[PDB]
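S.K.: One structure, pasted below without further comment.
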Amino acid sequence: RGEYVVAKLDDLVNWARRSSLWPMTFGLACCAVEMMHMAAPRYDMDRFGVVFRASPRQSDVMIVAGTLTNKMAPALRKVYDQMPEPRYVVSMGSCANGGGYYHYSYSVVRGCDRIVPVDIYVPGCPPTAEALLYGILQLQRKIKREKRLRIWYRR
Amino acid sequence: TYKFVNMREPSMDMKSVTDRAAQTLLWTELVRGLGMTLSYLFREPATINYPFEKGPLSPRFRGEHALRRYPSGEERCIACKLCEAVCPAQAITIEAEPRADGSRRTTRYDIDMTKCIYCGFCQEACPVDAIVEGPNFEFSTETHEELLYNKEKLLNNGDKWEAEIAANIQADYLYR
Amino acid sequence: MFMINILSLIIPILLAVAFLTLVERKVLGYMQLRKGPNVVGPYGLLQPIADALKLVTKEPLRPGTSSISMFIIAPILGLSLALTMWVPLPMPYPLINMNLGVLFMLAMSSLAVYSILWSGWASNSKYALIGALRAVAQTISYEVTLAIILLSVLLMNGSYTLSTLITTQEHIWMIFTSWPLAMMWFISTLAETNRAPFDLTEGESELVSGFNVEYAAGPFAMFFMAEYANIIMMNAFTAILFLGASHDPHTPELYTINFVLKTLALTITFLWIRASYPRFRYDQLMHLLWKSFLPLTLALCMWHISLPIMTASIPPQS
Amino acid sequence: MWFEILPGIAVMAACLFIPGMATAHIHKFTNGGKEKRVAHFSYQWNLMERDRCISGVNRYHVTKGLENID
Amino acid sequence: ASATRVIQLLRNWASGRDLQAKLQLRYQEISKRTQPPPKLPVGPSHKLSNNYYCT
Amino acid sequence: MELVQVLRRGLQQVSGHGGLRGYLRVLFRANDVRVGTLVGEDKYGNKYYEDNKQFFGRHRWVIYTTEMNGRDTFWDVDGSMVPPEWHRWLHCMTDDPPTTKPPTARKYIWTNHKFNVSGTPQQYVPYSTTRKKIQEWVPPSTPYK
Amino acid sequence: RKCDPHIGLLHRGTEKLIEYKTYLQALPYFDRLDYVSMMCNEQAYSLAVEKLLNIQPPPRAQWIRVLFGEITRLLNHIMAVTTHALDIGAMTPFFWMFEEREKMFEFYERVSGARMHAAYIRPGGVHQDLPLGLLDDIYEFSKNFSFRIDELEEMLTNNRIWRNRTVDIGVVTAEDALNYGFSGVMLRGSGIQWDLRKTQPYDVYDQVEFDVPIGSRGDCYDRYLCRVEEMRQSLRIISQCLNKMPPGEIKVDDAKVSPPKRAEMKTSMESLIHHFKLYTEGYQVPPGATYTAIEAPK
Ligand SMILES: COC1=C(OC)C(=O)C(C/C=C(\C)CC/C=C(\C)CC/C=C(\C)CC/C=C(\C)CC/C=C(/C)CC/C=C(/C)CC/C=C(\C)CC/C=C(\C)CC/C=C(\C)CCC=C(C)C)=C(C)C1=O
Ligand code: SF4
Ligand code: SF4
Ligand code: SF4
């Protein structure tokens, strides 16, 4: 039946997307250091299929790791625009989540969500590299639960 | 006491210069560089098998905030507002009101995880060990609003991680 | 079944290129005390298929300032030439037994730079144009020595046909006769394939992604196809030239196994050097050759010109 | 602990194996078992053309020796 | 997570040093994750007399 | 000599994991084939192994349960599937497993360790936990006028 | 020809928010200032506040401070050299030494409870004492760290590629460096014999014995060699601190600048009152101004 065929196509495409999540080298602050430590041998992003890649044209997930300030927010929004779809935003740290320590400052965006649609909120100051890996795996399951071709079949 | 890190003049004996020319032509330190990486590939990798294998922690680890309670069942919090008055990020909001029994307990105890800095200052300030930073750190959420913790959510965390948090405090209270 | 042979020289080559990415991300990672791709199935044997699927279903945006026509013709040029230059290789019996295989492969290798050229210029970017010019300089500098070294080495072959190399190295590897040139040749194979430590056309640290910076999804995967097919073909050519192997006319499978093993070893050394060095700085990789490689290779060219004559060892042309 | 690396080469080796054998086998199949005759010079091509002519069935690989002549 | 003797010689020769003596992986030499309870000392002002804060 | 023993214990790898079928089960699920002493098991089904010979970090590990709280976890697993009592032992925060040293029991402690409830309709929605502050006049009902 | 740096792309109003927070509340700000060297920032702030308060931390607190400052110097130098090689192009030493960096993060978390932002060094000493059995682990790690340093040297020191991208690349004159406000390595790397650990010793730095790696040419290669030698000398200082740990308390025995012990707070009137006031109001610093600086790993 057509539903089974589109189901299997959904599983294949979602598996590819979740098993080759290519992130972006967009570290901003101390939350980037853990972003490096999970790339360090101990946790090693590489075994999970995730390999760092600059040039947003060839990346899927943006881990906004660090404080997002007013002077940088236009750059972050523009760079998010460069990403071809599908795209995902993982927010690392309290600063990139809702403001963190400098939530009441004059030149800090009170949450990265106000600029891009954040897909996964990873809490911490900074989050432990295990916690960030957990957030990435949660995003992976999110991609696994996508129903693109199913919705197309029931257009 | 100081040392000259790069103050070495190379010897100009015929043997020395022959060795330098051999290293230049027949790449020698380059071969050493290859050999080092060969030696480490043959070595054991350091990666752990997350999530089936977890990196080591300590009983002092700071994670998800949680409200504890006495063994009787009554909450430890008495709304003294030390944690709210000491939080560097002003992430705690407390509203108190005398309960029906008479004990002073928070009618609202909200901790904003999206604004928290996980310093642990609240758990030091608490005179009754009511608010603690639990061992949990894998509590990422898909939406922002789920990170704005209420009193009920914090009490649920306290009731859930109580087995771990009681042991962690038991193994660390003597240092404090 | 000539079509059968042509398809058998394309699909296996593409599969080998796909698994080259996995073996690179594993060998490199094990250099760096990591484990490399491990989750997808057993030992990551599905990563090439996974990211292959992603790159051909991810949205292939076209920049508003691009030049559409060349932006599209460049990936086709790159992949077509990378695949075509596999046909004259004397894997037991070459598919296309050309009388001038070496010159043909030199011509197509020189053409392959034009893919980089047109892709960089048509993308309308500062980084892309920078990378295109670095590619210009790198490939011209290294092409001069490529041609001279090929002449010097093949002077003992007697002609430019690739198959006779097997006859030439019947009793001894050619590397024992021209080990100096071989070193230089290896370095040239590192640079013409635009790999480390000469991968300045991409320059991930300083040029973000170089000439692939505006290339997304399918065209990017295709330029990667061209690059890795060129890597494997260059290592195969180096194995054919210097590290000859025994060839039983009745069982060509023995020569197939030996040749494949030598190509695998040469490629593994490519990934080895990629993970053990810093990166060159533009002019240096030029000043390395125009001032150290070119004079030495000219002298070796004169030496190998004279050598058959002084020893009465001129190889036959037939 | 690099034996996990080994499968990647293994299958890849098979990949690099597939053409080298196939062409050879094809050269044996389409030319009657024997090696494909290579014409690097006009003399070899003339020999091949005369073989095609003598064979009578218009295939050069089909060879005739003493039985053909009287 | 131990290498064979043949491998150890290859690693040692490729590096030129005894790697087995000083490894970057902690096997058993680490301190036990469970430790006896400590008794912290007191400071120099935990006196019951002549301890006026003016001084 | 060590080559032969090395080839041999690769067969103890398949023998320990309940034969070939269990060998591919653990290989495809937990991505490892290494064996270890069964330190314990929790009420949710996760199996808890330890091997002190492994270097610090992989001396203890979990094979997660196939099913927990009405959710198939044969293929998808996460770090929140660890019950609180065993999370201490797994993360090397203690050397006392719950089997030997069990955590103190109390009424308010839960009896079913819910995993990360994000995504599922059992999410957490923030809301004000306080009553009203200003009341209204609630005008009378008699027309009167 | 010209290279204008447009900083401010990460300008958090730290020096503005600090006023609105008490001295204890402002402590975590410095941990978040420099995220590769962390306990050094807290050490500088604590020294400033202690000098203003006219109090001194206990000797054990000073020794813990210098030990963890040298650990932090190890962290920062590892980051600097490894990411430097990555930017030049060599990426393997980054991972190789970041394994060790995770090993030191383990010490950070075991002592303070957080991997990165310890908030450990505080005005008056340190928060809590070292967990039992930590000196042994530090000794075990520092015993093998020399091999990793030597491997990094063998990877970068004599390579003709690294020795060409860093030799005579970015030379600075001595007087130009002094006038430009440079400090730390960029003085030590250009012949200027200056180091705050020796010239103006703070804490107990006048006890440990170490050598300052004075540079020669002032280029990038000389500064990299200086950083590696600073790593080795800091390893020596760590060995000395491990071998000379004194008994005593962890904070100044004054309940008006350091919170009382949790056992004393729940039993005695004065401890409870002082804990309440310190965690609600804080210690009143006498009026005045000071400028205190330390040889941070940068
Ligand atoms: C000082 O402060 C600093 C900060 O302070 C705040 C900072 O923030 C930052 C900034 C922060 C960062 C940069 C973050 C940190 C980043 C890192 C540490 C980087 C870590 C990187 C890694 C772990 C990964 C490195 C990568 C490696 C080792 C290898 C990569 C190589 C690859 C090959 C990857 C794979 C990619 C690709 C494209 C391959 C896949 C493609 C295929 C297989 C295609 C296959 C296709 C087929 C088979 C097709 C087949 C077709 C067939 C058969 C037929 C077709 C025909 C038809 C007709 C259809 C810095 C630097 C900083 O310094
Ligand atoms: S959330 Fe904490 S660690 Fe992350 S950038 Fe903000 S202050 Fe730094
Ligand atoms: S640990 Fe969290 S809740 Fe407690 S004071 Fe620090 S930021 Fe506030
Ligand atoms: S410090 Fe403790 S007792 Fe006081 S209000 Fe906060 S949680 Fe309640």
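Derivation of every value follows stated rules applied to the coordinates shown; laboratory data play no part. Here Cβ is always computed from backbone atoms with ideal geometry, including for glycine, and neighbour counts include all displayed protein chains.
S.K.: As a footprinting exposure proxy, order G:226, B:116 by other Cβ within 10 Å, with the fewest listed first.
M.R.: Values: G:226 25, B:116 29.
Result, fewest neighbours first: G:226, B:116.
S.K.: Rounded if a/c is under 1.5, else prolate if a/b is larger than b/c, else oblate: which is region B:1-145, with a ≥ b ≥ c the root eigenvalues of its Cα gyration tensor?
M.R.: prolate
S.K.: Magnitude of the Cβ-charge dipole of region C:1-114, K/R +1 and D/E -1, about the Cα centre, nearest 20 debye?
M.R.: On the way: 7 positive and 3 negative charges, 71 e Å.
Approximately 340 debye in magnitude.
S.K.: While we're here: Return the whole-Å distance between the Cα centroid of region G:33-55 and the Cα centroid of region B:7-63.
M.R.: 36 Å
S.K.: Going by how many other Cβ atoms sit within 10 Å of their own, how do C:8, C:318, C:292, E:31 line up, fewest first?
M.R.: Working: C:8 20, C:318 10, C:292 13, E:31 17.
The most exposed by this proxy come first: C:318, C:292, E:31, C:8.
S.K.: Per residue of region A:134-149, what does 6.51 cos²θ - 1.76 cosθ + 1.60 with θ = phi - 60° give for ³J(HN,Hα)? Whole Hz please, x for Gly and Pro, Karplus curve as stated.
M.R.: Values, residue by residue: 4, x, 5, 5, 5, 4, 4, 4, 4, 4, 4, 8, 6, 9, 4, 5 Hz.
S.K.: Answer with one residue from F:26, C:5, B:18: the one whose Cα lies farthest towards the positive end of the charge dipole of the protein assembly as shown, charges on Cβ with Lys, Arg +1 and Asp, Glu -1.
M.R.: Looking along the dipole axis, the top candidate is F:26.
S.K.: Let me ask you something else. Tell me, Kirkwood radius of region C:13-62 from alpha-carbon pair distances, in Å?
M.R.: On the way: mean 1/r = 0.0854 Å⁻¹.
So the Kirkwood estimate lands at 11.7 Å.
S.K.: Can you pull the three principal axis extents for the Cα set of chain C, in Å, largest first?
M.R.: For chain C, the Cα extents along the three principal axes come out at 64, 45, 42 Å.
S.K.: Over the Cα atoms of region C:177-318, what radius of gyration and what Dmax do you get, in Å?
M.R.: My reading of the Cα-based Rg and Dmax gives 18.5, 57 Å.
S.K.: Which are the unpartnered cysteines of chain B, meaning those with no other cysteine Cβ under 4.7 Å from their Cβ?
M.R.: Flagged as lacking a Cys partner: B:77, B:80, B:87, B:116, B:119, B:126.
S.K.: With respect to the cross-link table entries D:34/D:64; B:160/F:53; B:153/F:133, which display a Cα-Cα separation exceeding 21 Å?
M.R.: Values: D:34/D:64 14 Å; B:160/F:53 33 Å; B:153/F:133 23 Å.
Violating the 21 Å limit, Cα to Cα: B:160/F:53; B:153/F:133.
S.K.: With the dipole of region G:163-203 worked out from charges on the C-beta (+1 for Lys and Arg, -1 for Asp and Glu) around the Cα centre, which of G:200, G:177, G:189 lies farthest toward the positive end?
M.R.: Positive-end residue among those listed: G:189.
S.K.: Now, a different point. Limiting things to C-alpha atoms, what are the Rg and the maximum Cα-Cα separation (Dmax) for region C:134-187, in angstroms?
M.R.: Rg, Dmax (Cα atoms, Å): 12.8, 42.
S.K.: Inverting the mean 1/r over all pairs of different Cα atoms, compute the Kirkwood radius of region B:1-76 and quote it in Å. Each step should come with its number before you reach the end.
M.R.: Working: mean 1/r = 0.0500 Å⁻¹.
Result for region B:1-76 stands at 20.0 Å.
S.K.: I'd like the Karplus ³J(HN,Hα) series for region G:273-278: coefficients 6.51, -1.76, 1.60, θ = phi - 60°, whole numbers in Hz, and an x wherever there's a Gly or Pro.
M.R.: Using θ = phi - 60°, the values come out as 5, 5, 4, 4, 6, 5 Hz.
S.K.: Would you kindly calculate the translational diffusion coefficient of the protein assembly as shown, applying Stokes-Einstein with the Kirkwood radius from alpha carbon pairs, for 25 °C and a viscosity of 0.890 mPa s, and quote it in µm² s⁻¹ without decimals? Mind showing how you got there, number by number?
M.R.: Details: Rh = 33.7 Å.
For these conditions, the coefficient is 73 µm²/s.
S.K.: Quick check on region F:1-96: take the gyration tensor over C-alpha atoms, sort the square-rooted eigenvalues as a ≥ b ≥ c, and tell me if it's rounded (a/c under 1.5), prolate or oblate.
M.R.: On the way: a/c = 2.65, a/b = 1.40, b/c = 1.89.
Oblate shape, in that a/c is at least 1.5 and b/c is the bigger or equal ratio.
S.K.: Given the protein assembly as shown, what percent of its DSSP beta bridges are antiparallel, to the nearest 5?
M.R.: On the way: 27 of 40 bridges.
Around 70 percent of the beta bridges assigned by DSSP in the protein assembly as shown are antiparallel ones.
S.K.: So, one more: How crowded by other chains is C:138-144, given as the mean number of beta carbons from other chains within 10 Å of each beta carbon? Walk me through the numbers before you get to the answer.
M.R.: Values: counts 0, 0, 0, 0, 0, 0, 0.
Mean shielding count: 0.
S.K.: Please express the shape of chain G as an equivalent ellipsoid: the semi-axes are the square roots of 5 times the eigenvalues of the C-alpha gyration tensor, given largest first in whole angstrom.
M.R.: Values: eigenvalues 260, 101, 61 Å².
Semi-axes, largest first: 36, 23, 17 Å.
S.K.: Moving on. Output needed for region C:85-216: three equivalent-ellipsoid semi-axes, defined as square roots of 5 times the C-alpha gyration tensor eigenvalues, in descending order, whole Å.
M.R.: Numbers: eigenvalues 217, 52, 26 Å².
Semi-axis lengths for region C:85-216 are 33, 16, 11 Å.
S.K.: If the viscosity is 0.692 mPa s and the temperature 37 °C, what Stokes-Einstein diffusion coefficient in µm²/s follows for region G:209-288 when Rh is the Kirkwood radius over Cα pairs?
M.R.: Working: Rh = 16.9 Å.
Rounded, D is 194 µm²/s.
S.K.: Further question: Counting only Cα atoms, I'd like the Rg/Rh figure for chain D, Kirkwood definition for Rh.
M.R.: 1.31
S.K.: Can you give me the long-range amide H partners of residue G:212? Hydrogens built in the peptide plane at 1.01 Å from N, cutoff under 5 Å, separation of 5 or more residues or another chain.
M.R.: B:2, B:3
S.K.: Gap in Å between the Cα centre of region A:74-133 and the Cα centre of region C:116-170?
M.R.: Each part's Cα centre sits 46 Å from the other's.
S.K.: For region G:1-156, what ratio Rg/Rh do Cα atoms give with a Kirkwood hydrodynamic radius? Spell out each step's value before the answer.
M.R.: Details: Rg = 17.7 Å, Rh = 17.3 Å.
Across region G:1-156, the Cα-based Rg/Rh ratio is 1.02.
S.K.: Scan around residue A:108 for amide H atoms under 5 Å from its own, H built in the peptide plane at 1.01 Å from N, and keep only partners 5 or more places away or cross-chain.
M.R.: A:70
S.K.: With 10 angstrom as the radius, rank D:21, A:72 by how many other C-beta atoms surround their C-beta, starting from the fewest.
M.R.: On the way: D:21 16, A:72 21.
Starting with the residue having the fewest Cβ neighbours, the order is D:21, A:72.
S.K.: Any idea how many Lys pairs in chain C come in under 23 angstrom at the alpha carbon, given 8 or more places apart or on separate chains? Kindly include the intermediate steps, with their values, before the conclusion.
M.R.: Numbers: C:26/C:35; C:26/C:54; C:26/C:262; C:35/C:54.
The result is 4.
S.K.: Could you tell me what fraction of 2.2 N^0.38 Å the Cα radius of gyration of region G:159-298 comes to, as a two-decimal ratio? Please list the in-between numbers first.
M.R.: Numbers: Rg = 22.2 Å, N = 140, 2.2 N^0.38 = 14.4 Å.
Dividing the Cα Rg of region G:159-298 by 2.2 N^0.38 Å gives 1.54.
S.K.: Separate question: Give me the compactness ratio for region G:92-209, meaning the Cα radius of gyration over 2.2 N^0.38 Å. Please list the in-between numbers first.
M.R.: Details: Rg = 18.7 Å, N = 118, 2.2 N^0.38 = 13.5 Å.
Normalised Cα radius of gyration, region G:92-209: 1.39.
S.K.: Here is a follow-up. Straight-line reach from residue G:256: which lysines fall under 24 Å, measuring Cα to Cα and dropping same-chain residues less than 8 apart?
M.R.: B:81, E:39, E:47, G:21, G:51, G:266, G:277
S.K.: Send over the semi-axes of region C:1-124's equivalent ellipsoid, whole angstrom and largest first, taken as the square roots of 5 times the C-alpha gyration tensor eigenvalues.
M.R.: On the way: eigenvalues 156, 126, 43 Å².
Whole-Å semi-axes of the equivalent ellipsoid: 28, 25, 15.
S.K.: Skipping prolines and chain starts, which residues have an amide H placed within reach, meaning under 5 Å, of the one on residue B:107, given they are 5 or more residues away or on another chain?
M.R.: B:95, B:96, B:97
S.K.: While we're on this one: Below 14 angstrom from the Cβ of residue G:298, what's the summed charge of the other residues (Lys, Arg +1; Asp, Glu -1)?
M.R.: Working: positive: G:73, G:188, G:197, G:223, G:227; negative: G:34, G:195, G:230, G:295.
Summing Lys/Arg as +1 and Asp/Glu as -1 gives +1.
S.K.: Continuing with the same structure: How many times 2.2 N^0.38 Å is the alpha carbon radius of gyration of region G:52-122?
M.R.: Working: Rg = 15.2 Å, N = 71, 2.2 N^0.38 = 11.1 Å.
Taking the Cα Rg and dividing by 2.2 N^0.38 Å, one obtains 1.37.
S.K.: For region A:60-77, what does the Karplus curve 6.51 cos²θ - 1.76 cosθ + 1.60, with θ = phi - 60°, yield as ³J(HN,Hα) per residue in whole Hz, taken in order and with x for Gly and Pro?
M.R.: Residue by residue, region A:60-77 yields 10, 9, 9, 8, 6, 10, x, 5, 9, 9, 5, 5, 9, 3, x, 5, 5, 4 Hz.
S.K.: Give or take rounding to whole Å, what are the principal axis extents of the alpha carbon atoms in region A:37-155, in descending order?
M.R.: Projected onto its principal axes, the Cα set of region A:37-155 covers 48, 38, 24 Å.
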